[PDB]
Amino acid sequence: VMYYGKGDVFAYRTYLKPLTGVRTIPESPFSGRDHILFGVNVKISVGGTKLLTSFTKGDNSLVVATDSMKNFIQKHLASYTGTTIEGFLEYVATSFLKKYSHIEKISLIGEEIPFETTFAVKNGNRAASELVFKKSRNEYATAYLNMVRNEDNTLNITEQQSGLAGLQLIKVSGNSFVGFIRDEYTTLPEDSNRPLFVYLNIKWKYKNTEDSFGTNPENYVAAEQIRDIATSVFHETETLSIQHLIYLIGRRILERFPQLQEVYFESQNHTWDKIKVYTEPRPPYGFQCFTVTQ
């Protein structure tokens, strides 16, 4: 391995081009993003065989300073004319490889920094503020992009993934976990009605990478919509396990978005202990990792 880069490149932009013209689904009222306030946390990694001597000899001649990568990202958020974090990453990646010919590969991660609307009274009525926003520490959208320079100096995207991270959902009833193996290592009682509490990280990949950019917004899959599918399916389902639940969420996602190739889940179990009153469990947490494919 041989890479270097910059992490935690925060950048906040006001009045990005709004996202509109999206295609709706029954589970979600989502109809676009105002983009009055747009924040992203970017990580950039770069590689290339010409970087070897920066390690083996301490030769910095071909080293783009990581501070300069930070400047690069922040400047490009100012000039970005698109509507999605996915499109922003492509803009940065393409621009970076065009600028720095000795770099052979670039990886980017972008995490939304979410803000929520607030309300204010003005001119006699209470309404959504166009000025004041609440920083949210709950779920957030993510995007990943990897781009390579080929021998002929053409650029190719080699991997793209979008996601939703930090979703924490508890369903107070209508969940069971029974029928599991009962042997000499088992002390967990069967439970026909538990308040299942899951952490969900959901990632999806498009059949066609272009659909991720938002340039034809009707083909874009919004994290907001994925969130609403997850909550609806959780509500609808008499769950038999977390495994059972996330398969069903995945199937619904792929049904609602035929342009997707696959969905990947990372879930954690944080269900409370019963002492109706419950309390926090000991630290160990179950987890599940599962891919659903078209």
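If you superpose the two forms and keep the largest set of C-alpha atoms that fall within 1.5 Å, you have the rigid core. Sequential numbering from 1, following the sequence displayed.
- After superposition on the rigid core, the larger root-mean-square Cα deviation in 7 other deposited structures of this protein belongs to 124-132, not to the other of 110-118 and 124-132.
- Between 150-158 and 169-177, the larger mean CA deviation from the shown form in 7 other deposited structures of this protein, after core superposition, belongs to 150-158.
- In the deposited entry, the stretch joining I275 to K276 is interrupted by 4 to 9 residues of the deposited sequence lacking coordinates.
- Annotation for 144-152 versus 85-93: the higher mean temperature factor (C-alpha) is found in 144-152.
- With 123-131 and 174-182 compared on mean CA B-factor from the PDB entry, the stretch scoring higher is 123-131.
- Note on the listed residues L200, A78, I106, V221: the highest Cα temperature factor in the record is that of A78.
- The maximum CA B-factor among the listed residues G110, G214, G163, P114, taken from the PDB record, is found at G214.
- When the modelled residues of the chain are ordered by C-alpha B-factor, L16 sits in the highest third.
- When the CA B factors of the chain's modelled residues are split into thirds, the value for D59 lands in the highest one.
- Sort the modelled residues of the chain by CA B factor and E262 lands in the middle third.
- Placement of the Cα temperature factor of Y100 within the chain: highest third of the modelled residues, per the deposited record.
- In this PDB entry, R227 carries a Cα temperature factor that places it within the middle third of its chain's modelled residues.
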